[PDB]
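First up is the structure itself, then whatever we jot down about it.
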Amino acid sequence: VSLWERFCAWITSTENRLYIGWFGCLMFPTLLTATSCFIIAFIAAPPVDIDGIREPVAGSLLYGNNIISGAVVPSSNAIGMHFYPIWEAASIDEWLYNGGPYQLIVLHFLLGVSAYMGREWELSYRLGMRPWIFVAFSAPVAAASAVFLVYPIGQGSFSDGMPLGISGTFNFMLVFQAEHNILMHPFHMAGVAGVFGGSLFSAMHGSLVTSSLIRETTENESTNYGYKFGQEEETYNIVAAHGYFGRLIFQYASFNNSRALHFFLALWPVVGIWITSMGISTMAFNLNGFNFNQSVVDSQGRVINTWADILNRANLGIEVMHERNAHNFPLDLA
Amino acid sequence: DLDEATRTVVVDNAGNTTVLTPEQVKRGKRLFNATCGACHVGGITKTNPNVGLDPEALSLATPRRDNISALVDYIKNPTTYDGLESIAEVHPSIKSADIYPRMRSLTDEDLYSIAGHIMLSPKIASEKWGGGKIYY
Amino acid sequence: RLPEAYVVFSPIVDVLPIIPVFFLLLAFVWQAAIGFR
Amino acid sequence: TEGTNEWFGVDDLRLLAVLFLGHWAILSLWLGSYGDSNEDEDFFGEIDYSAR
Amino acid sequence: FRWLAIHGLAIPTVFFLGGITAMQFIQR
Amino acid sequence: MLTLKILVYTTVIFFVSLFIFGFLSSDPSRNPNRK
Amino acid sequence: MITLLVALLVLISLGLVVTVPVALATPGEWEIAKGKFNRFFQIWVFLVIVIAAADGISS
Amino acid sequence: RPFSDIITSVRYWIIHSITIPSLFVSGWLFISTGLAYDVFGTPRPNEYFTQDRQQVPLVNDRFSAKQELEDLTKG
Amino acid sequence: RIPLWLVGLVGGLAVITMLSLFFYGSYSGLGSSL
Amino acid sequence: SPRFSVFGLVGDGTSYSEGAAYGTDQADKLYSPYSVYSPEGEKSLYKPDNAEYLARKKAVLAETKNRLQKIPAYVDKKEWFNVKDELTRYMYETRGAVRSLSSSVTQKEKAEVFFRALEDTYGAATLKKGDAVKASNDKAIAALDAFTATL
Amino acid sequence: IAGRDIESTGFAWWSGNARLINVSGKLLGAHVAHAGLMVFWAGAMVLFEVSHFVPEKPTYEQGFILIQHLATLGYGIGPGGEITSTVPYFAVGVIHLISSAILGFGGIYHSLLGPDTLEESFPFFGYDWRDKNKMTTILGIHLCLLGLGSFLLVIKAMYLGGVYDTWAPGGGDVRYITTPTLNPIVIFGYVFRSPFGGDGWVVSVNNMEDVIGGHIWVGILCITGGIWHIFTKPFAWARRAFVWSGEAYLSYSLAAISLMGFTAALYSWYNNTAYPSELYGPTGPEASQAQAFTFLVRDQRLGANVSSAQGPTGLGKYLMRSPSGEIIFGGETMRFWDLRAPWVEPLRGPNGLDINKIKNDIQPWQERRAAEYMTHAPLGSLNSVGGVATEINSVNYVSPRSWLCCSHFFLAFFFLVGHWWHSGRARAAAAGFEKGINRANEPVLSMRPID
Ligand code: CLA
Ligand code: CLA
Ligand code: CLA
Ligand code: CLA
Ligand code: CLA
Ligand SMILES: CC(C)=CCC/C(C)=C/CC/C(C)=C/CC/C(C)=C/CC/C(C)=C/CC/C(C)=C/CC/C(C)=C/CC/C(C)=C/CC/C(C)=C/CC1=CC(=O)C(C)=C(C)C1=O
Ligand code: HEM
Ligand SMILES: CC1=C(/C=C/C(C)=C/C=C/C(C)=C/C=C/C=C(C)/C=C/C=C(C)/C=C/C2=C(C)CCCC2(C)C)C(C)(C)CCC1
Ligand SMILES: CC1=C(/C=C/C(C)=C/C=C/C(C)=C/C=C/C=C(C)/C=C/C=C(C)/C=C/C2=C(C)CCCC2(C)C)C(C)(C)CCC1
Ligand code: OEX
């Protein structure tokens with residue numbers, strides 16, 4: 001009957017079109033801040049001196065980019081890991097020159113996507129569900145925090161964060177391979193098994209349900225009209241799908257339990273993305289992937305090359321050409 | 001395939017030549033990688049890349065360092081590239097072994113094996129030793 | 001190096017940190033010996 | 001000055017005033033429901049369903 | 001009889017694993 | 001600059017205190033089983 | 001002498017690693033055999049003190 | 001016949017205590033006698049480079065590839 | 001008749017031993033950069 | 001037929017890529033199995049008795065007093081950073097050289113008195129206490145000559 | 001087998017320690033046996049590190065993590081990072097290894113033989129999870145022990161030998177901390193500052209007087225907070241906000257220990273005061289400033305006037321200016337301009353690096369210190385090949401800072417996943433729908449159409 005209790009009843013109401021909740025009190029202002037700043041910076045933002053060497057990189061559509069080449073460029077290397085809000089910048093043009101919008105978007109996005117995760121817990125609690133959908137969303141949240149926050153922290157600069165652009169993402173990937181050999185890191189290998197396996201199991205589970213649908217339609221209408229929303233009966237023969245996949249490989253290698261099967265669909269990509277998020281987070285502190293350069297040696301002592309050595313020649317080509325004016329000394333220790 | 005011919009290295013300034021035993025070769029690589037390899041990996045110098053360990057750069061030092069005896073003399077007494085002032089206080093040496101505790105347990109046989117590894121490595125990997133990242 | 005009275009036991013000390021990994025494996029042997037019931 | 005070691009970034013006392021006034025404002029609303037609440041009323045569950 | 005379907009995999013596997021185990025003690 | 005800092009500090013402490021006192025507002029009891 | 005005593009402490013500990021949990025997890029053996037196991041516990045604890053005495057004396 | 005009742009029977013372990021170590025030894029002898037280098041043409045650690053050829057041997061002809069390889073593997 | 005956990009014990013001890021030899025062989029012999 | 005070495009026991013063992021030959025490849029005894037170095041006995045080229053090592057420590061002790069005496073010239077000015085930098089720029093080698101020359105039991109207690117006064121000079125320089133730096137700097141000097149007057 | 005199968009507990013074998021939630025005596029034995037494991041590893045690992053120790057290499061080149069914690073405490077350590085004895089490191093491991101047999105016995109006593117519930121016959125040690133007064137007593141008792149342990153470090157640093165101070169005048173050495181900083185504006189100025197660059201929330205403690213004065217305050221707070229939680233009962237706002245169950249208390253600790261794990265990782269990566277670089281190797285920031293210092297000294301000997309030497313871009317090749325105005329090292333290392341290593345602070349004035357002190361008084365120990373820090377940068381592979389990812393296999397090195405930071409960043413993330421698992425579950429188990437949705441009264445069905 002009080003004013004706060006009527007506000008609490010509206011915030012936690014499951015009858016709103018979108019659930020707000022108390023995490024939405026952090027989710028909606030931070031993500032709409034980051035969305036507003038991203039759209040304005042992607043369309044029209046002046047070039048950013050990313051490498052701190054007064055060589056400004058254009059990233060917006062009004063400075064000659066397209067959708068692929070356009071980016072919100074990371075902060076200046078001269079800033080480093082320093083906090084650069086607008087009020088610490090003496091003019092907005094100085095803030096725009098030094099890659100200020102990147103720090104505003106990334107910090108509001110990472111706060112807002114952690115609050116999106118807690119909002120996913122919160123609605124499940126108000127709906128009487130089991131809680132752990134937001135644990136599955138923690139795997140892309142850990143990945144976003146690794147490339148936007150954790151890898152800047154270990155390298156000591158927001159300039160080494162992943163650019164908010166399509167071609168900036170590929171620039172982030174190639175320099176990471178030259179400096180950390182992520183392909184030879186087993187945590188990226190588990191991540192590739194997470195997304196190759198996850199899209200395998202998605203196409204596998206989606207095939208066997210669609211293969212074993214029960215006749216409820218004619219040849220003229222769509223097959224999806226055989227399902228009614230809110231029906232209690234099963235819409236596909238799971239015995240027929242188990243008998244198919246049990247004959248495709250062999251019988252003992254197939255889930256007859258649909259609850260164990262859907263748990264395996266949740267676990268395989270999420271654990272795979274968790275591990276590759278802890279690959280980026282541990283290559284942030286330069287615990288790099290496997291180095292097998294000049295490891296095969298013949299009897300005289302000469303180096304016999306392997307495929308890791310040919311991979312090393314491609315790593316050498318990226319690292320001698322990346323940030324080509326930024327280096328003054330023979331080791332890229334940053 | 002490590003015959004006596006590849007293991008035959010110049011031992012002194014007069015041009016005399018000796019064969020490294022297989023114990024000298026194996027122990028010399030181990031001791032060089034532990035003691036010297038952090039700065040001298042692959043024959044380059046990380047902290048002063050003008051002065052490498054390739055045999056051309058060793059040929060042009062003013063005490064000519066293309067020998068086992070001249071390399072051992074550098075480890076006991078290091079100088080500049082023209083040999084005019086001592087750099088023992090900034091290079092690991094027997095002369096500054098109170099400064100560098102890594103040089104404190106090193107015999108003259110160990111320095112012979114380390115100088116053996118510097119001399120043998122260009123005979124095995126010609127342009128890779130002291131060549132840097134171009135020949136990686 | 002260990003003190004001189006204890007360098008005989010230096011190979012035993014080389015396996016001692018691995019023993020916590022053997023305790024996690026022991027819980028799976030004990031669950032398998034009881035039949036996971 | 002951003003690399004200087006200020007408590008909560010408070011370099012002017014304007015910012016300290018709006019931190020107090022902002023936090024006390026929702027506190028005063030929250031005390032409209034949870035002020036006048038008895039301190040000695042306990043429960044022996046994992047969760048309490050006391051009042052509004 | 002299901003012998004030569006599992007033994008087509010198991011017999012070369014143990015032969016290959018005996019070879020790869022011997023390869024760990026080959027030195028240059 | 002420092003007028004914007006007052007506005008952002010006022011905005012952040014508004015939404016953070018809504019988050020804080022909202023989760024202090026007997027939030028475990030807001031479940032569909034009871035209350 | 002220290003090397004002899006530590007080698008005895010290792011052997012007593014290896015005997016107690018494989019007999020103490022067997023005595024505790026068969027459901028009657030600990031109360032019928034704990035005078036024997038406390039005796040081995042005291043030889044174990046006394047060995048540590050004699051080693052600590054011999055280590056400190058030799059230092 | 002079920003699977004797990006086979007590998008727990010002692011008749012299975014009478015047969016496979018002889019056949020499995022004999023295949024493991026025969027795989028070991030395939031390497032120890034140096035037969036696997038001669039079957040597949042893999043270089044031993046001695047013979048990546050020879051006294052005449054100090055370079056990496058590549059095949060540069062398609063139809064005399066068998067005869068070019070015989071000249072590169074004579075030493 | 002053998003207990004099934006006893007087979008998985010010595011079977012897993014064989015897999016541990018063989019993978020320990022494969023990881024030892026990465027530090028010794030061929031492919032060890034030595 | 002390839003070269004074999006089961007760890008050191010079966011086969012060659014003294015080959016260039018055997019990794020688990022702990023000391024069996026070389027003739028001279030190692031410091032430990034886990035080492036590549038021989039011990040700190042004789043046949044080592046480093047002689048800790050040598051005159052150029054002692055003279056390097058004595059030259060540190062002599063120049064320390066020269067750096068310790070230009071402290072109050074920073075304290076009639078107020079360059080407190082120059083006091084803290086002087087105690088750490090050249091004088092970083094002082095504790096290494098003083099404890100190396102302190103052999104007897106009265107040398108060690110006469111050395112820590114110099115160390116306590118050196119930390120009083122530093123702590124008063126962070127606190128910017130002008131009289132307390134100079135009152136500690138003369139105690140640091142007077143304890144330095146007492147250490148060098150022994151030997 | 002009552003309480004030890006799925007038919008009596010409802011938990012499978014893989015969630016099998018969840019059968020211990022409501023049996024307090026067995027749950028006690030699980031915790032002291034796991035305590036015995038951590039004390040075992042502390043004993044066994046540092047005996048491994050003592051056994052594999054060689055005097056020729058620094059302790060960060062030998063792959064050690066535990067004897068550098070004891071050397072920071074002041075055992076066996078000399079001036080400048082000289083390790084002298086390793087007999088105190090051997091002793092610490094023997095005490096920790098012998099004590100794990102006592103904790104390991106009491107673990108398997110209370111787990112296999114002791115009473116399964118303590119509530120009936122040991123009422124001081126028995127507890128219900130819903131007893132809010134008893135649970136604050138256990139929290140308060142263990143808070144006073146954390147305050148007593150924080151005072152042990154204060155006693156060690158002020159009275160019993162002192163601690164290694166890498167900032168000490170005369171060189172880094174063991175030093176009695178005589179005047180710890182007790183000013184709460186300084187001490188809590190670490191707790192309430194920004195986490196970002198230049199500020200560096202709690203990692204940026206830069207002298208041992210702030211370390212030991214912080215552990216006095218932590219010892220004061222934990223003891224006054226322990227007596228507070230022993231004496232009192234949770235307030236009405238606390239009772240409305242928390243879930244009072246055993247899994248809920250686990251998830252509160254999982255969130256707290258994940259925040260500490262992220263913090264200890266960045267301690268290892270950034271701090272060189274409590275983690276001295278003579279023991280742990282240079283930090284990430286420290287090693288790249290050591291490179292810019294090395295080639296400044298290399299080129300000034302060749303006669304370059306290094307303050308006027310223009311780089312390729314037009315900035316300073318060796319000396320440039322920070323965005324706040326301080327004279328810093330040039331190149332890509334301009335991001336690490338907040339680095340305050342002890343071998344570069346002798347060349348700093350108030351304006352940053354002093355130009356005449358760089359021109360005139362650069363000492364040979366500084367050129368040595370920057371040389372090994374340049375060549376032992378925290379960059380390495382998983383198979384411990386030192387250097388960048390394009391380096392060849394000759395150097396066997398990965399920094400202990402890189403091992404400590406990466407492992408504890410791995411662990412702190414997964415313990416935050418454990419917070420999300422166990423707090424979601426405890427909130428749903430308290431409300432009573434953790435086993436699924438009731439078919440009889442589904443909550444969404446008794447709601448308005450949602451549009
Ligand atoms: C049985 C009890 C006992 C214990 C615990 C010790 C222990 C020790 N004695 Mg010995 N001593 C003993 C009996 C014992 N001794 C006997 C019977 C004699 C003959 C009279 C001696 C004669 C003797 C001499 C002459 C000397 C010693 C020394 C030592 C120390 C060796 C290392 C060192 O140099 O100290 C440096 C200090 C340390 C290494 C600190 C070690 C303790 C740390 C903090 C680890 C403890 C952690 C914690 C308790 C473990 C967790 C436990 C669990 C609750 C989880 C060590 C602390 C030496 C010494 O005391 O030097 C000052 C020494 O010179 N002893
Ligand atoms: C940190 C590791 C750890 C610890 C301390 C425990 C502890 C416990 N578990 Mg758990 N568990 C663990 C990990 C652990 N678990 C893991 C990884 C799994 C998945 C495999 C499980 C799965 C599991 C299930 C399914 C169950 C338990 C149960 C238990 C409890 C009773 C065990 C029992 O009575 O059976 C008797 C056990 C044995 C007879 C095996 C003997 C093993 C001994 C202790 C080995 C000692 C060796 C050591 C070297 C001896 C040193 C002696 C010296 C110090 C004197 C006990 C508190 C049970 C429970 O919850 O009861 C209510 C139960 O049902 N656990
Ligand atoms: C101190 C911290 C702590 C404690 C006391 C608990 C306690 C519990 N957990 Mg929780 N949990 C934790 C942290 C903790 N957890 C963390 C950090 C995570 C995220 C990974 C989880 C995620 C989690 C899930 C998903 C579940 C639990 C469950 C449980 C309950 C039963 C556990 C069991 O029997 O497993 C027995 C142990 C095993 C089966 C072995 C685990 C397999 C590991 C991963 C293999 C080891 C790999 C490698 C060698 C070590 C990891 C890598 C290394 C580098 C660190 C028990 C109450 C269960 C539950 O909810 O019950 C109600 C459950 O389903 N926990
Ligand atoms: C730390 C966790 C812990 C807790 C809460 C308990 C609690 C209990 N134990 Mg268990 N136990 C433990 C660890 C623990 N124990 C350990 C480590 C061992 C091996 C020594 C045992 C071996 C053991 C046996 C054999 C028995 C018990 C018994 C009991 C129960 C009766 C208490 C008592 O005897 O009177 C109170 C005891 C005292 C007032 C004497 C205290 C003396 C100790 C040594 C002081 C410790 C010093 C200091 C506080 C801690 C230093 C180490 C620390 C820094 C880690 C009680 C539930 C009894 C039982 O369960 O009966 C069925 C019983 O017979 N315990
Ligand atoms: C292991 C450490 C630990 C843990 C797990 C706890 C756990 C708890 N503490 Mg305790 N506490 C601790 C250490 C710990 N404490 C220490 C070391 C101290 C001494 C500083 C205290 C002093 C203390 C007090 C005074 C109170 C608690 C309370 C609580 C309970 C709920 C509050 C909470 O945690 O929300 C976390 C909430 C925050 C971090 C923000 C709280 C802001 C407060 C409510 C503002 C109110 C103004 C008031 C005048 C305080 C002045 C400071 C203010 C300006 C921030 C919870 C059981 C509350 C309780 O119920 O006591 C019985 C309570 O009133 N603790
Ligand atoms: C006589 C002479 C001369 C002698 C010569 C000797 C001789 C002839 C030798 C030849 C022997 C020879 C080689 C024959 C053997 C044949 C053989 C096997 C060759 C193939 C070679 C080869 C190595 C094959 C291996 C490839 C293989 C089988 C891989 C599959 C691995 C495997 C276990 C996959 C399972 C993956 C998995 C768990 C997916 C399920 C997840 C998923 C989403 C399922 C979806 C799903 C599942 C359900 O279940 C139900 C219900 C529903 C709803 C549903 O959504
Ligand atoms: C014990 C192992 C070492 C050996 C055998 C060794 C050998 C040599 C030799 C022979 C030279 C002269 C090259 C020439 O004249 O062309 C040299 C130069 C140099 N080495 Fe080493 N070195 C060792 C250790 C180190 C270490 C550990 C470092 C790293 C700190 C280092 C840094 C340098 C530098 C900077 C130079 C250049 C000196 C100059 O400018 O003249 N050396 N070294
Ligand atoms: C309950 C349970 C469990 C657990 C268990 C545990 C965890 C236990 C622990 C245990 C422990 C934790 C133990 C410990 C032990 C120890 C010992 C036994 C020790 C000994 C020692 C010694 C003998 C030493 C010696 C020496 C010296 C003195 C010197 C140097 C050298 C040496 C080292 C040799 C499990 C998981 C199974 C599951 C089921 C149930
Ligand atoms: C030792 C040392 C030191 C010190 C430190 C200190 C003094 C600390 C403190 C600490 C502190 C003082 C901390 C605090 C923390 C806090 C926290 C961490 C909080 C949290 C919170 C929470 C968790 C809550 C939640 C919630 C909400 C928000 C809403 C409602 C519901 C709840 C309640 C759940 C120094 C640095 C000087 C130096 C070095 C050493
Ligand atoms: O920022 Mn982005 O990439 Ca990491 O390395 Mn150094 O810094 Mn820059 O170069 Mn390479």
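Every chain in the structure tokens has a letter given in the order shown (A, B, ...), and although residue numbers restart at 1 in each chain, ligands are simply numbered from 1 in the order shown.
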Using only C-alpha atoms, which protein or nucleic acid residues come within 9 Å of region 6-21 of chain C? Drop anything in the same chain fewer than 2 positions from it, and give the result as a PDB file with N, CA, C and O atoms, in the first residue's frame.
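This is the output file out.pdb:
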```pdb
ATOM      1  N   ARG C   1      68.289 -28.068  -3.318  1.00  0.00           N
ATOM      2  CA  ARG C   1      68.563 -29.409  -2.828  1.00  0.00           C
ATOM      3  C   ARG C   1      68.090 -29.562  -1.392  1.00  0.00           C
ATOM      4  O   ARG C   1      68.077 -28.598  -0.635  1.00  0.00           O
ATOM      5  N   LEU C   2      67.697 -30.779  -1.025  1.00  0.00           N
ATOM      6  CA  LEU C   2      67.323 -31.077   0.345  1.00  0.00           C
ATOM      7  C   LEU C   2      68.556 -31.028   1.243  1.00  0.00           C
ATOM      8  O   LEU C   2      69.686 -31.110   0.756  1.00  0.00           O
ATOM      9  N   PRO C   3      68.367 -30.837   2.552  1.00  0.00           N
ATOM     10  CA  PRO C   3      69.493 -30.986   3.481  1.00  0.00           C
ATOM     11  C   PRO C   3      70.059 -32.395   3.441  1.00  0.00           C
ATOM     12  O   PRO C   3      69.347 -33.357   3.149  1.00  0.00           O
ATOM     13  N   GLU C   4      71.362 -32.492   3.739  1.00  0.00           N
ATOM     14  CA  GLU C   4      72.177 -33.676   3.453  1.00  0.00           C
ATOM     15  C   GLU C   4      71.663 -34.941   4.133  1.00  0.00           C
ATOM     16  O   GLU C   4      71.783 -36.031   3.563  1.00  0.00           O
ATOM     17  N   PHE C  23      43.919 -38.342  -4.929  1.00  0.00           N
ATOM     18  CA  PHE C  23      42.766 -38.380  -4.042  1.00  0.00           C
ATOM     19  C   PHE C  23      41.467 -38.138  -4.789  1.00  0.00           C
ATOM     20  O   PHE C  23      40.437 -38.711  -4.426  1.00  0.00           O
ATOM     21  N   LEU C  24      41.490 -37.282  -5.807  1.00  0.00           N
ATOM     22  CA  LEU C  24      40.316 -37.091  -6.645  1.00  0.00           C
ATOM     23  C   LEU C  24      40.018 -38.344  -7.454  1.00  0.00           C
ATOM     24  O   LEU C  24      38.854 -38.717  -7.623  1.00  0.00           O
ATOM     25  N   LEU C  25      41.060 -39.027  -7.928  1.00  0.00           N
ATOM     26  CA  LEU C  25      40.863 -40.289  -8.627  1.00  0.00           C
ATOM     27  C   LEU C  25      40.388 -41.385  -7.690  1.00  0.00           C
ATOM     28  O   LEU C  25      39.707 -42.312  -8.130  1.00  0.00           O
ATOM     29  N   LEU C  26      40.732 -41.290  -6.405  1.00  0.00           N
ATOM     30  CA  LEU C  26      40.331 -42.308  -5.444  1.00  0.00           C
ATOM     31  C   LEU C  26      38.836 -42.288  -5.183  1.00  0.00           C
ATOM     32  O   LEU C  26      38.247 -43.335  -4.897  1.00  0.00           O
TER      33      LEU C  26
ATOM     34  N   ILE G   2      69.703 -39.677  11.277  1.00  0.00           N
ATOM     35  CA  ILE G   2      68.478 -39.008  10.850  1.00  0.00           C
ATOM     36  C   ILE G   2      67.894 -39.708   9.636  1.00  0.00           C
ATOM     37  O   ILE G   2      66.678 -39.900   9.539  1.00  0.00           O
ATOM     38  N   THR G   3      68.756 -40.123   8.705  1.00  0.00           N
ATOM     39  CA  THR G   3      68.302 -40.827   7.511  1.00  0.00           C
ATOM     40  C   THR G   3      67.722 -42.194   7.851  1.00  0.00           C
ATOM     41  O   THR G   3      66.812 -42.669   7.165  1.00  0.00           O
ATOM     42  N   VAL G   6      64.076 -41.201   9.493  1.00  0.00           N
ATOM     43  CA  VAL G   6      63.076 -40.740   8.535  1.00  0.00           C
ATOM     44  C   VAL G   6      62.607 -41.901   7.667  1.00  0.00           C
ATOM     45  O   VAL G   6      61.414 -42.025   7.369  1.00  0.00           O
ATOM     46  N   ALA G   7      63.528 -42.796   7.297  1.00  0.00           N
ATOM     47  CA  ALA G   7      63.163 -43.993   6.544  1.00  0.00           C
ATOM     48  C   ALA G   7      62.253 -44.912   7.346  1.00  0.00           C
ATOM     49  O   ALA G   7      61.417 -45.614   6.769  1.00  0.00           O
TER      50      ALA G   7
ATOM     51  N   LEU K  37      44.184 -31.779   2.754  1.00  0.00           N
ATOM     52  CA  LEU K  37      44.740 -31.829   1.406  1.00  0.00           C
ATOM     53  C   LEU K  37      45.503 -30.563   1.065  1.00  0.00           C
ATOM     54  O   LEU K  37      46.557 -30.627   0.426  1.00  0.00           O
ATOM     55  N   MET K  38      44.971 -29.402   1.443  1.00  0.00           N
ATOM     56  CA  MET K  38      45.646 -28.149   1.142  1.00  0.00           C
ATOM     57  C   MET K  38      46.919 -27.993   1.955  1.00  0.00           C
ATOM     58  O   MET K  38      47.900 -27.432   1.461  1.00  0.00           O
ATOM     59  N   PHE K  40      48.636 -30.594   2.969  1.00  0.00           N
ATOM     60  CA  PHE K  40      49.491 -31.583   2.319  1.00  0.00           C
ATOM     61  C   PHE K  40      50.216 -30.983   1.132  1.00  0.00           C
ATOM     62  O   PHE K  40      51.424 -31.169   0.976  1.00  0.00           O
ATOM     63  N   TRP K  41      49.477 -30.299   0.261  1.00  0.00           N
ATOM     64  CA  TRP K  41      50.081 -29.742  -0.937  1.00  0.00           C
ATOM     65  C   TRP K  41      51.065 -28.646  -0.590  1.00  0.00           C
ATOM     66  O   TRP K  41      52.106 -28.535  -1.232  1.00  0.00           O
ATOM     67  N   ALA K  42      50.763 -27.844   0.431  1.00  0.00           N
ATOM     68  CA  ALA K  42      51.694 -26.814   0.873  1.00  0.00           C
ATOM     69  C   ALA K  42      52.993 -27.417   1.373  1.00  0.00           C
ATOM     70  O   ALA K  42      54.072 -26.883   1.112  1.00  0.00           O
ATOM     71  N   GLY K  43      52.908 -28.539   2.081  1.00  0.00           N
ATOM     72  CA  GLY K  43      54.115 -29.217   2.502  1.00  0.00           C
ATOM     73  C   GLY K  43      54.826 -29.887   1.349  1.00  0.00           C
ATOM     74  O   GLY K  43      56.031 -29.718   1.170  1.00  0.00           O
ATOM     75  N   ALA K  44      54.081 -30.629   0.531  1.00  0.00           N
ATOM     76  CA  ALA K  44      54.688 -31.443  -0.513  1.00  0.00           C
ATOM     77  C   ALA K  44      55.254 -30.601  -1.645  1.00  0.00           C
ATOM     78  O   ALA K  44      56.297 -30.944  -2.206  1.00  0.00           O
ATOM     79  N   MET K  45      54.585 -29.507  -2.009  1.00  0.00           N
ATOM     80  CA  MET K  45      55.046 -28.727  -3.153  1.00  0.00           C
ATOM     81  C   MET K  45      56.303 -27.950  -2.818  1.00  0.00           C
ATOM     82  O   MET K  45      57.201 -27.835  -3.653  1.00  0.00           O
ATOM     83  N   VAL K  46      56.405 -27.426  -1.600  1.00  0.00           N
ATOM     84  CA  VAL K  46      57.587 -26.641  -1.283  1.00  0.00           C
ATOM     85  C   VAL K  46      58.768 -27.547  -0.954  1.00  0.00           C
ATOM     86  O   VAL K  46      59.914 -27.110  -1.061  1.00  0.00           O
ATOM     87  N   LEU K  47      58.527 -28.812  -0.601  1.00  0.00           N
ATOM     88  CA  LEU K  47      59.624 -29.766  -0.493  1.00  0.00           C
ATOM     89  C   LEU K  47      60.128 -30.156  -1.869  1.00  0.00           C
ATOM     90  O   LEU K  47      61.326 -30.382  -2.055  1.00  0.00           O
ATOM     91  N   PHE K  48      59.208 -30.283  -2.827  1.00  0.00           N
ATOM     92  CA  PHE K  48      59.566 -30.451  -4.230  1.00  0.00           C
ATOM     93  C   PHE K  48      60.405 -29.280  -4.720  1.00  0.00           C
ATOM     94  O   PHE K  48      61.395 -29.474  -5.430  1.00  0.00           O
ATOM     95  N   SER K  51      63.849 -29.409  -3.094  1.00  0.00           N
ATOM     96  CA  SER K  51      64.633 -30.488  -3.686  1.00  0.00           C
ATOM     97  C   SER K  51      65.124 -30.148  -5.086  1.00  0.00           C
ATOM     98  O   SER K  51      66.230 -30.544  -5.462  1.00  0.00           O
ATOM     99  N   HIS K  52      64.335 -29.419  -5.863  1.00  0.00           N
ATOM    100  CA  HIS K  52      64.712 -29.045  -7.217  1.00  0.00           C
ATOM    101  C   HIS K  52      65.430 -27.708  -7.279  1.00  0.00           C
ATOM    102  O   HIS K  52      65.665 -27.200  -8.377  1.00  0.00           O
TER     103      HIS K  52
END
```
Enumerate residues in contact with ligand 2: an atom-to-atom distance of at most 7 Å, counting only C-alpha atoms and all ligand atoms. Format the result as a PyMOL selection string.
(chain C and resi 23-24+27-28+30-31+36) or (chain G and resi 16-18+20-21+25) or (chain K and resi 3-5+12-20+23+26-27+29-31+33-34+101-102+104-105+107-108+111-112)
Give the residues close to ligand 5, within 7 Å, counting only C-alpha atoms and all ligand atoms; write them as a PyMOL selection string.
chain K and resi 136+139+143+221-226+228-229+232-235+238
Mind the document's chain letters and residue numbers, and return as a PyMOL selection string the residues of region 11-154 of chain A that DSSP labels strand (DSSP E or B).
chain A and resi 48-49+56-57+71-72+82
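Near chain E, within 12 Å and using only C-alpha atoms, the residues of chain A are residues 295, 296, 297, 298, 299, 300, 301, 302, 303 and 304 of chain A.
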